[PDB]
Amino acid sequence: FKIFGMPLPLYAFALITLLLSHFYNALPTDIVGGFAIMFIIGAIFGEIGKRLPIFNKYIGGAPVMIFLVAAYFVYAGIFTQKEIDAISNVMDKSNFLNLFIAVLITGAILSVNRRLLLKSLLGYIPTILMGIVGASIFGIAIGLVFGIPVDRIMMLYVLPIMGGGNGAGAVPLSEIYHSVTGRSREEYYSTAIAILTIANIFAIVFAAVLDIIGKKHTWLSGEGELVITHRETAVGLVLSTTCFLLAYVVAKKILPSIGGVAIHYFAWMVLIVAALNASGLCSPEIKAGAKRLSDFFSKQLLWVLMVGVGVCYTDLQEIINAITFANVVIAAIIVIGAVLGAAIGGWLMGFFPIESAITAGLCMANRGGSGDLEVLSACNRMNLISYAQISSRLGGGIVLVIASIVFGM
Amino acid sequence: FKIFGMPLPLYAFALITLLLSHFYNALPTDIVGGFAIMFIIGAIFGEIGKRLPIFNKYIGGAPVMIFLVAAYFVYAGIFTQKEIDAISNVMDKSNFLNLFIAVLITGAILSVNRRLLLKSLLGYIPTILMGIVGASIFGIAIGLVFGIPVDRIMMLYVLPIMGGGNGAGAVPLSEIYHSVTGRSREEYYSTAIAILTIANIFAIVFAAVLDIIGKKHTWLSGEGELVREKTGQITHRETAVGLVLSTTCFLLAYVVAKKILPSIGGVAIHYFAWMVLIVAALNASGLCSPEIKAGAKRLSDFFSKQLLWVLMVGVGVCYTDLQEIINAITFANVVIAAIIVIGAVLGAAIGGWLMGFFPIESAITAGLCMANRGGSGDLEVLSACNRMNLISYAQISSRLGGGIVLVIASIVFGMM
Ligand SMILES: OC[C@H]1O[C@@H](O)[C@H](O)[C@@H](O)[C@@H]1O
Ligand SMILES: OC[C@H]1O[C@@H](O)[C@H](O)[C@@H](O)[C@@H]1O
């Protein structure tokens, strides 16, 4: 048998090396050192989670293993500080996370027809709002079951969960909280960041549950649907970065906010890439290159990404500081409110309920971009990255406008 | 026609974006921001270097353009501080340079037969020594033509040039200078780092000259070769496993050169040198199936053919301070340095010819790759003669051959 397309004997060589670097405490805190550890660790736990009987269900087993396992390694101090640093240097300083998402978006968007583009976006945004309504309705419902005043349910539970994640919700929602109340950002942030991560774990769990239910009741699922020389693949990489650059320059210095909403650079990228598709500036050869590149990331490096995601974007200590029976239940139900909210809305709009609940439901309640990858990898619908981003970025910018209003009153 | 396989209209989109990021001064100082700029800049100047007859000869011209051009952009302050930072963050903090070399080495070594491995290394090291001798003989010869005492020619000119580059020569040769003399490291380093970079530019130039001469006089050249069962399939997995092996092998080598076997004897073995022995061992062990062994090759191709232009943009930024060069571009140093390089060329040419290697390739691997700025240099040189597949050999000289210069140094320095 083979591991991660590596035969056992060979994997041993690497697994041995990992441990030599580990116990000798010798590791370069850079790309090389990072991918080295991440590839090996991800490989084993990927396979393990790929074949755990109960633990591996559908396709959403493999990644969730690496993801959760990696977090347990940080919390239990299993990683050394240099190892955490190496991985962190790849995910943040070097910023592999964005690149990864950037590659995906480009590859996913450049593969579809131009005619089909504008058809979706018009019916999608309403679905997102439908999800929020359900997220609020259920939250308040269960909230009063816990004897918790409505305002808090919206300010400390609903809004932050549906928020566009750490940078997009906790970073700015604490800012709006301080601007309107005057109370410390920390007071809010700490509670928000903690609870949103709880829900993020539920989102990833229900993503696999809807997968099972989707393949059990085909009528609800769309089965992954809502509605060449290297040079070609290399050009895909160029377009992935260059498109992200443009979007960045737009959200920072040109068109940071269209109106009362602040448009996150990833949201612009979607409109930039989509525009680039419709412009047909990219030949079908190149448009494939972007697809093929996207595959390489989503199929080879997905395990690696999870090792990084389970390290940086999952502080298990802060979760524990808020894992009172109350928060665990309240948070979960809010997520289910989002599921049913986006399911109903999408069904009415013409989308498949299962995919609608993931893209316009779970992808809202998750920890934004890091979250989307965590969720989408759990339902094996990684090809919906583009949609997931709309909710986390644009749909996140929506939560802010709503937040100011609710916070104000 | 197409700028880096991109039609002119599309390239415009990117080239426009680059300039928007530039003038608005908005750029993420990370991988994404880096590759974005590097890909675009490299693309145009890559094409341009090749297009001009005088500017480019054969396939040699493309990289040297990006390389030199990129340095001129830093010196002339054409790049913004954030842009230099972005590129620097990719090359150093993120350490793309090593990865790149790591991928190459792995792909090059895992492609050859196991029987053929040990045949070369035994005849190579002597050739390196032959190159040094010629590098010293010529240096002293021209040195006395400039009325410069021999000791200095060896301490401030020869040794540092042949040194294993910045980290390997200037960083440690100034250390040996201070241990034996007692005089400041700066005094040495500043002069050494300056002059070695001068020679590094000559090395890259003669690499293309030997290319022309090699294809003009085929008898001297091996056409990419120093020395005179079947893949069934390729999977990304297979290519992906190549990437794993590239990193995991570098890790092991690193753990060996730091905590296990830093120095075999009087020589300190740089981690890259170990990697060569680790990968070579891994080949002979056959732990990797031919499918995987190809994956490493294919991965190597992707870097050496797609990302080579990108690398140069980074190499021309970080590892080429044009201001310190100017601080030592006296007619004297320019000439003395150049001739030392030519001494290395002829030294490694003669030696290799006697050992059984092709003179042209021998002069590049055991000659110019010694006098260059180590690893950054090898890539600069090997891309100039289009013999990128000799990375493995170039590394032996820059790392192991560099560890040799140190032992020699302590003796010469001690002698005073
Ligand atoms: O739903 C239409 C299309 O949208 C794209 O963004 C996704 O990448 C495809 O999987 C999907 O077919
Ligand atoms: O010279 C023998 C072989 O050495 C390897 O390291 C190179 O990658 C090959 O190009 C060459 O054929």
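Residues numbered from 1 in each chain as written, not as in the entry; some residues may be left out. Chains lettered and ligands numbered in written order. Heavy atoms only, no water.

Trainee: Which parts of the structure should I look at to understand the environment of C282 of chain A?
Mentor: Topologically, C282 of chain A is positioned in the loop between α11 (265–279) and α12 (284–312). C-alpha of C282 of chain A to C-alpha of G236 of chain A: the two residues are 46 residues apart in sequence and 9.7 Å apart in space. Among all residues touching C282 of chain A, those that are not within four sequence positions of it are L239, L276 and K287 of chain A together with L10 of chain B. (Helix = DSSP H or I, 4+ residues; strand = E, 2+ residues; numbered from the N terminus. Contact = heavy atoms within 4.5 Å.)

Trainee: How should the interface of chain A and chain B be read in this particular structure?
Mentor: If you look at the interface, chain A gives 59 residues, while chain B gives 59 residues. Between chain A and chain B lies a buried interface of about 5500 Å² when both sides are counted; carbon and sulfur atoms form 79% of it. Our count for the contact surface shared by chain A and chain B stands at zero salt bridges. Taken together, the connections running from chain A to chain B amount to 11 residue pairs in polar contact. Breaking the side of chain A that touches chain B down by element, the ones donating at least two residues are β2 (6–7), α1 (8–23), α2 (31–51), α4 (81–93), α5 (96–109), α10 (230–254), α11 and α12 of chain A. Residue composition of the side of chain A that touches chain B, grouped by class: 38 nonpolar, 14 polar and seven charged. (Buried area = accessible area lost by both parts, 1.4 Å probe. Salt bridge = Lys/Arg side-chain N within 4 Å of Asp/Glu carboxyl O. Polar contact = N/O pair within 3.5 Å; in protein donor to acceptor, adjacent residues only side chain to side chain. Nonpolar A, V, L, I, M, F, W, Y, C, P; charged D, E, K, R; others polar.)

Trainee: Any chance you could explain the UniProt feature "intramembrane region" in chain B here in plain terms?
Mentor: The feature "intramembrane region", as annotated in UniProt, sits at residues 162–169 and 370–377 of chain B in this numbering. When the span residues 162–169 of chain B is considered, its composition is 75% helix and 0% strand, and the gap between its end C-alpha atoms is 8 Å. (UniProt positions renumbered as here; feature names shortened; annotations may be inferred.)

Trainee: Hey, could you run me through the packing of helix α8 (residues 165–180) of chain B against helix α9 (residues 185–216) of chain B in this one?
Mentor: Think of two packed helices as two axes; the pair is described by the angle between the axes and how far apart they sit. All names here are of chain B. Contact geometry for α8 and α9: axes closest at 9 Å, N-to-C directions at 150 degrees. Considering the relative orientation of α8 and α9, their crossing is right-handed. Between α8 and α9, the contacting residues are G165, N166, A170, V171, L173, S174, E175, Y177 and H178 on the first element and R185, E187, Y188, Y189, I193 and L196 on the second. Looking at side-chain class alone, the contact of α8 with α9 contains eight nonpolar, four polar and three charged residues. (Axes fitted to C-alpha atoms, helices over the stretch in contact; angles between N-to-C directions. Left-handed = near helix turned anticlockwise from the far one by under 90°.)

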